[PDB]
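Below is one structure; the comments refer to it alone.
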Amino acid sequence: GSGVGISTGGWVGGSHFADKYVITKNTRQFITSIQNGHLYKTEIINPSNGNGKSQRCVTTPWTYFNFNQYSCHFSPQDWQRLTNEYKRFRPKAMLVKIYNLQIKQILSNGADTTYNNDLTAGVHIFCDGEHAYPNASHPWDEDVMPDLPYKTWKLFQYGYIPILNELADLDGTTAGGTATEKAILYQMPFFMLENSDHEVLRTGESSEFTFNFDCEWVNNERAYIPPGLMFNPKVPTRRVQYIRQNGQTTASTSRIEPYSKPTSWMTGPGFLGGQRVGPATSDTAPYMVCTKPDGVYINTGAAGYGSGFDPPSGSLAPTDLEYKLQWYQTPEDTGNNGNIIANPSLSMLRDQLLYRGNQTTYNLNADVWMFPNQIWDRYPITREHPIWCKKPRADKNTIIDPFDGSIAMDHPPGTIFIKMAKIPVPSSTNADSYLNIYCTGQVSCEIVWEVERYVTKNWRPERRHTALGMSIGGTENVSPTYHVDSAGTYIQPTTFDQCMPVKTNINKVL
Amino acid sequence: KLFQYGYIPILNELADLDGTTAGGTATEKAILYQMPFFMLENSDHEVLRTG
Amino acid sequence: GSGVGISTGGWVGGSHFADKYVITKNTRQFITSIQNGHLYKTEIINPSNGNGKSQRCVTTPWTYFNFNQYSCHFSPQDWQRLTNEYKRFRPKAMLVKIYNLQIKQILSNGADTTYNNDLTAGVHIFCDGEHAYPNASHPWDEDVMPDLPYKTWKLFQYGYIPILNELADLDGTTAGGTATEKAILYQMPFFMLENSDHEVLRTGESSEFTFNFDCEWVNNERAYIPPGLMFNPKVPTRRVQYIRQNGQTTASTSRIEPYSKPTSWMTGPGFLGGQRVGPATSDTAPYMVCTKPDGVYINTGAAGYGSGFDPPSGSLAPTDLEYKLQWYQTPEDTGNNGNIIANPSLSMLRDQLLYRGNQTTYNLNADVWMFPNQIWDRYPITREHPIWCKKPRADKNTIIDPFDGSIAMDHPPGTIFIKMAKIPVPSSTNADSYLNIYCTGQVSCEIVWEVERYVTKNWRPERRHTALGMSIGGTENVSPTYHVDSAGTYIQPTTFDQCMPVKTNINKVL
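One line per chain: the protein sequences are B, A and I, in this order. Whatever position you read off the first sequence (first residue = 1), add 32 for the authors' numbering. Whatever position you read off the second sequence (first residue = 1), add 185 for the authors' numbering. Whatever position you read off the third sequence (first residue = 1), add 32 for the authors' numbering.
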């Protein structure tokens with residue numbers, strides 16, 4: 033039946049591998065609490081050491097489910113088998129369920145806090161599938177579902193940047209701001225999730241959401257040679273090379289050597305030319321993408337009217353550690369420990385470089401723009417990467433290849449928003465008084481993954497991801513990677529190869 | 186009274202990384218590098234309330 | 033149509049992977065020549081340094097196809113993918129074809145030899161599928177089909193041991209041998225392949241042979257724990273251990289500790305007790321299986337009336353290098369180079385040991401016979417192993433588990449025998465004169481392999497075979513394993529793991 037004593041779902045988990053598809057199933061226990069005391073608020077974060085960088089933030093009384101990472105949908109076993117056995121994969125269909133909800137009242141009698149459920153209390157659930165509201169999720173956020181199925185998932189408050197602050201900040205000689213800055217505030221949108229229709233559930237209820245992906249494949253393959261090596265060294269070429277007079281060397285006309293043939297295929301795009309600009313508390317990137325309408329007043333540097341573009345490097349080989357993708361494996365990691373620095377996948381469509389001859393030597397071209405006949409592989413994503421990102425709605429765009437490796441889509445999976453229904457309290461003073469409550473429940477995500485198995489005429493063995501590439505750590509230093517410790521600590525991958533990137537194992541004939 | 190479930194993942198003296206060499210021998214480390222880890226949450230199963 | 037200018041087949045090659053089956057296809061160019069000058073002969077090999085060991089050998093004017101190894105049916109790529117992606121495999125159906133035959137006449141005019149074809153010449157082909165004749169093939173022979181499809185396959189002369197020599201050798205005080213030895217010669221069988229019906233082909237003809245396997249699986253899985261670790265350490269046991277009085281220690285009765293529970297499962301069988309007996313030119317094994325009827329005269333030692341039993345060790349952990357499986361990778365290998373010594377698969381159903389307490393310490397039991405409740409894994413075969421062996425026809429036998437890892441069958445794939453049809457020459461002197469000819473042709477072997485994909489609830493990554501486990505060698509030392517050299521030399525696997533054994537990658541819950 034249905035009621036308070038009947039569960040609305042069950043635990044779903046594991047994976048199913050087939051030839052043409054993989055089904056991953058993940059359930060988590062999540063917790064949500066009241067945010068902003070049921071208020072919408074617009075705050076200005078303006079760090080003193082932020083070197084003039086600022087944000088406007090509308091914080092909402094809402095929290096949201098973020099499913100975007102690979103590690104949350106794949107065990108390390110399943111990710112290994114995925115990247116070892118398949119040439120490519122993409123998401124096919126997502127199905128998420130929120131069920132087994134429990135709304136407890138929080139009673140503070142003192143230092144001791146007690147918990148008893150309000151059976152008539154309720155919870156708001158809203159999935160935004162048309163992206164009618166500012167997107168909650170962003171790639172590489174820590175809000176994502178946990179990797180370990182038995183770890184609790186704590187939802188993060190939803191907030192959005194209503195405006196670019198330095199454009200709206202009403203600073204300058206004139207009082208009240210310039211005419212252009214005021215015009216940019218006079219229209220600053222304000223979004224409330226309460227403006228949409230959505231669901232209110234009690235403990236005996238549940239909700240489910242389906243999403244259909246239509247996506248480009250994630251290709252797991254490596255180029256064993258660059259596109260320039262695709263010729264045959266033994267056959268001569270008809271091509272002639274003329275070399276102009278250089279100093280005392282006479283100009284010559286000769287047949288190009290058989291072992292260097294000319295290539296038609298350029299280095300992929302990328303920027304090696306920029307450099308990060310401290311301090312670390314500002315936005316530090318080799319490149320700022322800025323918007324600066326005419327008539328605004330800017331008292332800061334490029335950071336703070338613009339966003340840092342990172343990784344700047346494309347398929348180009350990073351010439352410095354600043355250009356490499358890097359992330360901390362846990363939220364408690366700081367400094368040089370817990371960080372994973374990306375290393376080459378040893379694919380020959382990655383780590384490209386472009387040199388121009390000055391007729392003496394070749395010198396590196398740092399900034400490689402889009403140019404015809406460019407051939408490159410997209411970034412070698414690992415088990416920890418964002419799966420997707422939100423593609424901005426715009427008139428025009430170039431080739432969409434986010435350098436972090438996430439897949440940009442017009443409509444990604446919609447964000448499911450959840451908040452505690454407000455339970456007002458009588459107040460003789462007309463104060464705003466609500467009952468303190470929280471919801472815990474079980475959220476499951478089933479994703480169907482369309483996959484393709486490789487076929488190779490290669491005679492020789494190929495690289496595969498092996499547990500022998502794992503490292504040993506822990507409190508007692510006996511615990512291998514992706515295993516729990518004596519304290520229950522989950523041993524994180526130390527290095528980029530332990531994250532099992534794609535575009536490593538399976539060779540590819542160009 | 187139900188008892189806690191637990192299992193022996195590996196034979197310890199083979200995995201214990203003891204010896205003259207630091208960090209264990211190459212064979213003992215290979216025996217840890219694959220030590221299985223099982224979670225019952227990886228399976229589908231049932232959640233029941235009182236009714 | 034059909035004739036001299038029409039080919040009777042084509043080159044077949046490669047592999048096809050599916051979920052439930054794998055199809056391997058291999059074609060080779062083979063060569064055969066006249067053997068024993070078209071005679072049957074019985075030779076006694078009796079090496080002076082053989083330490084009294086001898087054999088009777090009936091050599092035949094026949095050569096034979098030997099398909100038994102894994103490396104001939106699988107590329108290293110295909111073998112890798114087989115052992116990485118599948119928990120078990122067995123042969124299903126074999127199909128072999130001999131076609132595109134060419135019989136050339138060999139003309140020796142001097143130091144120069146010329147070759148022109150006899151179009152009316154023919155070649156005998158006989159497959160023995162009932163094993164009506166002594167089996168040609170034996171495990172670990174070098175007669176097997178080559179690994180590289182472009183290398184020529186030279187067939188080996190067929191011969192068989194008619195009798196055990198020291199029993200038949202008519203040695204002793206009495207002249208002409210004892211009554212028992214003479215009785216063992218008076219019946220010594222003699223086999224001619226000409227006694228069977230078989231096929232004679234000319235260049236425009238071809239023959240094909242099908243074989244259906246019914247076999248036990250080859251299991252690719254590893255035990256991560258021994259069968260003795262299958263308990264739960266945290267729950268107590270009801271079992272009591274009584275320890276008798278030892279010296280000044282009082283006899284005690286106590287509950288067995290929770291972290292050692294008693295096991296029901298014994299060490300598998302094996303012999304660690306024997307030792308090889310030189311010199312290397314005799315039969316050197318830790319154990320001789322001998323036959324010594326009463327009334328025979330034996331002037332030698334155990335070697336020469338018996339056969340060496342090697343590897344003596346079972347699933348037992350080899351305590352010495354003598355007990356380890358070892359082979360040379362090429363026929364030209366000698367000494368300590370080119371040899372591959374088997375190393376542990378790190379499966380816990382292998383490398384077993386048995387100790388008995390003397391009530392002070394535990395001492396190793398060297399010879400472990402069959403005992404109830406024994407649990408072990410069969411040998412971890414590699415890409416170079418015999419696939420099958422011939423099981424002897426006998427009334428009674430114990431569990432069949434050849435320690436080399438080959439699969440013993442009542443009827444293996446039949447041996448295809450081939451010889452050059454004799455082309456007699458007129459002789460006024462009544463000499464035996466034949467025309468000197470040889471046959472080259474193309475032989476293809478298609479095997480269907482029934483396979484099974486693994487399923488695991490293991491969270492953590494598992495070991496896999498990786499090209500990064502390969503080593504680099506060659507004339508210029510730039511050539512990686514399983515690749516050709518500058519001279520065209522094929523770089524052989526140096527170590528046992530490069531041969532990619534089974535029972536390594538895929539974990540198994542006992």
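All C-beta atoms, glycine included, are put in the ideal place defined by N, C-alpha and C.
Check: Measure the beta-carbon distance from residue 158 of chain I to residue 175 of chain I and round it to whole angstroms, keeping in mind my assumption that it falls under 8 Å.; Outcome: Residue 158 of chain I to residue 175 of chain I, Cβ: 17 Å. No contact.
Check: With a threshold of 7 Å between beta-carbons, can residue 500 of chain B be considered close to chain I, or not?; Outcome: yes
Check: Is it a yes or a no for the stretch 124-138 of chain I touching the stretch 396-410 of chain I, going by three-plus beta-carbon pairs under 8 Å?; Outcome: no
Check: So which of B/232, B/57, B/238 and B/314 has the shortest CA-CA distance to residue 80 of chain B?; Outcome: B/314
Check: Shortest alpha-carbon distance to residue 401 of chain I belongs to which of I/442, I/346 and I/247?; Outcome: I/346
Check: How should residue 515 of chain B be labelled, buried or exposed, when 16 other C-beta atoms within 10 angstroms of its C-beta is the threshold for buried?; Outcome: buried
Check: Out of curiosity, what's the CA-to-CA distance linking residue 555 of chain I and residue 171 of chain I?; Outcome: Absent from the model: residue 555 of chain I. The displayed extent of chain I is 33 to 542, so no value can be given.
Check: How would you call residue 459 of chain I, buried or exposed, if buried means at least 16 neighbouring beta carbons within 10 angstroms?; Outcome: exposed
Check: List, in chain order, every chain B residue whose beta-carbon is nearer than 8 Å to that of residue 488 of chain I.; Outcome: 109
Check: Between which residues of its own chain and residue 85 of chain I is the CB-CB distance below 6 Å, once the five residues before and five after are set aside?; Outcome: 314, 315, 335 and 336
Check: For the alpha helix (DSSP H) containing residue 374 of chain B, name the first residue and the last one.; Outcome: Premise fails: residue 374 of chain B is in no alpha helix (DSSP H) and is neither H nor E.
Check: Taking all protein chains shown into account, decide if residue 419 of chain B is buried (16 or more other Cβ within 10 angstroms of its Cβ) or exposed.; Outcome: buried
Check: Is the stretch 112-119 of chain B in contact with the stretch 223-234 of chain B, if contact means three or more CB pairs nearer than 8 Å?; Outcome: no
Check: Within 7 Å of any Cβ in chain I, is that where the Cβ of residue 482 of chain B sits?; Outcome: no
Check: Return helix, strand or coil for residue 198 of chain I, following the three-state DSSP convention.; Outcome: helix
Check: Counting only Cβ pairs nearer than 7 Å, list the residues of chain A close to residue 532 of chain I.; Outcome: In chain order: nothing, as chain A lies at least about 15 Å away.
Check: Between the Cα of residue 475 of chain B and those of B/490, B/361 and B/450, spot the shortest distance and give me the residue it belongs to.; Outcome: B/450
Check: Provide the residue(s) that pair with residue 157 of chain B in DSSP beta bridges, ordered along the chain.; Outcome: B/231 and B/450
Check: Quick check on DSSP: helix, strand or coil for residue 501 of chain I?; Outcome: helix
Check: CB-CB under 6 Å to residue 503 of chain B, same chain, minus the five flanking residues each way: which ones, in chain order?; Outcome: 513 and 526
Check: With 7 Å set as the bound, which would you pick, yes or no: does the beta-carbon of residue 515 of chain I sit closer than that to a beta-carbon of chain B?; Outcome: yes
Check: Just the C-alpha distance for residue 424 of chain I and residue 442 of chain I, rounded to the nearest angstrom, thanks.; Outcome: 7 Å
Check: Residue 472 of chain B and residue 329 of chain B - do their beta-carbons sit closer together than 7 Å?; Outcome: no
Check: Taking residue 354 of chain I as the reference, give the member of I/168, I/317 and I/361 with the closest Cα.; Outcome: I/317
Check: From the DSSP output, read off the bridge partner residues of residue 36 of chain B.; Outcome: Paired residues: none, contrary to the question.
Check: With a 10 Å radius around its C-beta and 16 neighbouring C-beta atoms as the bar for buried, classify residue 250 of chain I as buried or exposed.; Outcome: buried
Check: Name the chain I residues that come within less than 8 Å of residue 196 of chain A, Cβ to Cβ?; Outcome: 257, 258, 261 and 380
Check: Do residue 243 of chain B and residue 93 of chain B come within 7 Å of each other at the CB atom, strictly closer than that value?; Outcome: no
Check: Excluding the 5 residues flanking residue 496 of chain I on each side, which residues of the same chain have their C-beta closer than 6 Å to its C-beta?; Outcome: 116 and 537
Check: Let's test the definition: count the other Cβ atoms within 10 Å of the Cβ of residue 267 of chain B and tell me whether it reaches 16, buried, or not, exposed.; Outcome: exposed
Check: If residue 539 of chain B and residue 256 of chain B are in contact, beta carbons under 8 Å, what's the gap, nearest whole angstrom?; Outcome: 5 Å
Check: Could you tell me whether the Cβ atoms of residue 118 of chain B and residue 485 of chain B are closer together than 7 Å?; Outcome: yes
Check: Under 8 Å: do the stretch 274-292 of chain I and the stretch 359-374 of chain I share three or more Cβ pairs, one atom per stretch?; Outcome: no
Check: Which same chain residues end up closer than 6 Å to residue 186 of chain I when comparing Cβ atoms and leaving out the 5 residues on each side of it in sequence?; Outcome: 63
Check: Would you kindly check if the distance between the Cβ of residue 154 of chain I and the Cβ of residue 374 of chain I is under 7 Å?; Outcome: no
Check: If you measure from the CB of residue 528 of chain B, is any heavy atom of the ligand ADP nearer than 6 Å?; Outcome: Looking for the ligand ADP in the displayed structure turns up nothing, as the structure carries no ligands at all.
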